[PDB]
């Protein structure tokens, strides 16, 4: 039997970094969960256990903290520095994947050095280097939203396994997971993150939803229309079901007030909204959620 090494990558995952900026009395906090993985010629490491090409995962971790000493303006720019370092510093390293989760902190009553975690969303960044190409995908996850009315679902086809009732008034609730790919690295990454977040919240709240597919489409369209530097945005939105409870056996009516919030199962509506004519299949999406 003939065996060959295919797609592979390796490194150090979930390096927890906190960078305190204390040049003045008003401190700043940058809180990251960083993953560094390299791609290139690692044939002999796999087939013979030859580690001559294996930049140690411990070394990748050390590089994260050493680079953090210098500071970094944004999460994306920190990842860009790491990826350029590894691809330019090792002849057999031809690319890789560097990703981070950014955790937000609010000041406690605007104190200089006292903070509380904002857990209501997590920011993400994924950078993939392939030779001279650098591709950045920023994102938001864990942002839970809900409309208590202004959502309908009707006109769907019915087969012998269809029992779902049509409705013109229902709760629509989801966890916004969204990732958007930049077509350039020359981006004001923090300002675009704040803008995209506001656009997604606005389009979710203000669209009269006939389907979560339609809501998601309007969210993506609002992003693409406002940001030339973004080629496409992907969203994965669970439909977190709120079932109207039958109170009639207890002698009561339920005028869209009392709901059971189910855990599982849940709708899972996923879509890509792209600028007309842009690249259909960027390679970064192949590993954006993981290798396997």
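Numbering follows the first chain given and starts at 1.
Chemist: Take the C-alpha B-factors listed in the entry for 22 to 30 and for 260 to 268, compute each mean, and give the stretch with the larger one.
Modeler: Comparing averages over the C-alpha atoms only gives 22 to 30.
Chemist: For the higher mean C-alpha B factor in the entry, choose 170 to 178 or 89 to 97.
Modeler: The stretch with the larger average C-alpha B-factor is 89 to 97.
Chemist: Checking the record values for 37, 236, 239, 226, which has the greatest CA B factor?
Modeler: That would be 226.
Chemist: Should residue 112 be placed in the lowest, middle or highest third of its chain by the C-alpha B factor in the entry?
Modeler: It belongs to the highest third of the chain when residues are ordered by C-alpha B-factor.
Chemist: Mind checking which third residue 187 falls in for C-alpha B-factor across the chain?
Modeler: Top third by C-alpha B-factor.
Chemist: Would you mind checking where the Cα B-factor of residue 243 ranks among the modelled residues of its chain, as the lowest, middle or highest third?
Modeler: Tercile = middle for this residue's CA B-factor.
Chemist: Of the three thirds of its chain by CA temperature factor, lowest, middle or highest, which one includes residue 13?
Modeler: Tercile = lowest for this residue's CA B-factor.
Chemist: For the chain shown, is the CA B-factor of residue 68 in the lowest, middle or highest third of its modelled residues?
Modeler: Within its chain, residue 68 is a middle-third residue by C-alpha B-factor, going by the deposited values.
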